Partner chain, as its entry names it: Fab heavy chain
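Taking the form deposited without its partner chain, here's one chain by itself in structure tokens.
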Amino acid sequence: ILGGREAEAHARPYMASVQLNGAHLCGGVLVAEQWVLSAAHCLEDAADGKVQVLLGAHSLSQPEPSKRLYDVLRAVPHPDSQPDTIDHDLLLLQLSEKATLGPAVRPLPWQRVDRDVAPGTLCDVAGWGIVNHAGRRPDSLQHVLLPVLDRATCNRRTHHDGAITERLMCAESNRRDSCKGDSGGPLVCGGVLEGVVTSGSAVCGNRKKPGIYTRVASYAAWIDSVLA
């Protein structure tokens, strides 16, 4: 997270660290007691390759009562996701067992009605992604507040050139943006999960390139069917 701030420890009890071989790979959001939502590309490339999810965490390395590592029973990427596209870039992970809920671990309500988030709404995105252009990554969770950018403006050639579908959304990324390792992370509006960070970035904070987030409401049907 670029242009952010260390978050209050465990103030976002839904926050997940999706992990590969003991290292933070991606953000994630606990959406049901045994299900975490993330990005499909976090996993694409394959793995062979131990995937796990850290819940109740603030610091990735330091001891905390609420920290708990879960093995993953099944990785369900969205079947229409492709390793070379930003489209349908969602991944569901069933935990080895239902999560132990508490002040530091709680599922987050997500959006099921397929309407756009009003442009100008301030939404909260958190993660352990790189914090500067030199590529340094935080030990503890960062967050930032970003205004939602209208899709029309986000589709201008200078920005993303018509690529932002009705299934995607944009947030302003002028000095403040989500970066590499923030993928799969949650974009949260008024206490409700609206976005999942897609593939970005490392080219983090270019205002001419807004942050792209997959709209969860667009994949409500899919999420439910996997969860049943």
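Numbering follows the first chain given and starts at 1.
Trainee: Out of 64-72 and 197-205, which stretch has the higher average CA B-factor listed in the record?
Mentor: It is 197-205.
Trainee: Taking the recorded C-alpha temperature factors, which stretch has the higher mean, 165-173 or 44-52?
Mentor: Looking at the recorded C-alpha B-factors, 44-52 comes out higher on average.
Trainee: Per the coordinate record, which of the options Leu93, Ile130, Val113, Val117 holds the highest CA temperature factor?
Mentor: In this record, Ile130 carries the highest C-alpha B-factor of the candidates.
Trainee: Tell me, please, which of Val105, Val125, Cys154, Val148 has the highest C-alpha B factor according to the deposited entry?
Mentor: Comparing C-alpha B-factors across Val105, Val125, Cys154, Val148, the maximum falls on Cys154.
Trainee: Taking only the Cα B-factors deposited for this chain, tell me whether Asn21 sits in the lowest, middle or highest third.
Mentor: Highest third of the chain for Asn21's C-alpha B-factor.
Trainee: Considering only modelled residues of the same chain, in which third does the CA B-factor of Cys179 rank: lowest, middle or highest?
Mentor: Top third by C-alpha B-factor.
Trainee: Could you place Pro109 in the lowest, middle or highest third of its chain by Cα temperature factor, using the values in the record?
Mentor: For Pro109, whose C-alpha B-factor we compare with every modelled residue in the chain, the answer is the lowest third.
Trainee: Going by the CA temperature factor in the PDB record, which third of the chain does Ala7 belong to: lowest, middle or highest?
Mentor: It falls in the middle third of the chain.
Trainee: Going by what the PDB entry lists, where does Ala134 fall on CA B-factor within its chain: lowest, middle or highest third?
Mentor: For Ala134, the deposited C-alpha B-factor lands in the highest third.
Here the subject shifts to the form deposited with its partner chain bound, a form of this protein not shown in this document.
Trainee: Name the residue from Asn155, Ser140, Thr85, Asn132 that puts a heavy atom within 4.5 Å of its partner chain in the deposited bound form.
Mentor: The residue from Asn155, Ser140, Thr85, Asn132 that makes the contact is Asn155.
Trainee: So in the deposited bound form, does any heavy atom of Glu166 sit within 4.5 Å of its partner chain?
Mentor: Yes, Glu166 lies within 4.5 Å of its partner chain in the deposited bound form.
Trainee: I'd like to check something about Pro119: if you look in the deposited bound form, is any of its heavy atoms closer than or equal to 4.5 Å to a heavy atom of its partner chain?
Mentor: Yes.
Trainee: Should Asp150 be counted as a contact of its partner chain in the deposited bound form, where contact means heavy atoms within 4.5 Å?
Mentor: Looking in the deposited bound form, residue contacts with its partner chain include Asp150, since a heavy atom lies within 4.5 Å.
Trainee: Could you tell me if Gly162 has a non-hydrogen atom within 4.5 Å of its partner chain in the deposited bound form?
Mentor: Close contact exists here: in the deposited bound form, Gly162 approaches its partner chain to within 4.5 Å, heavy atoms only.
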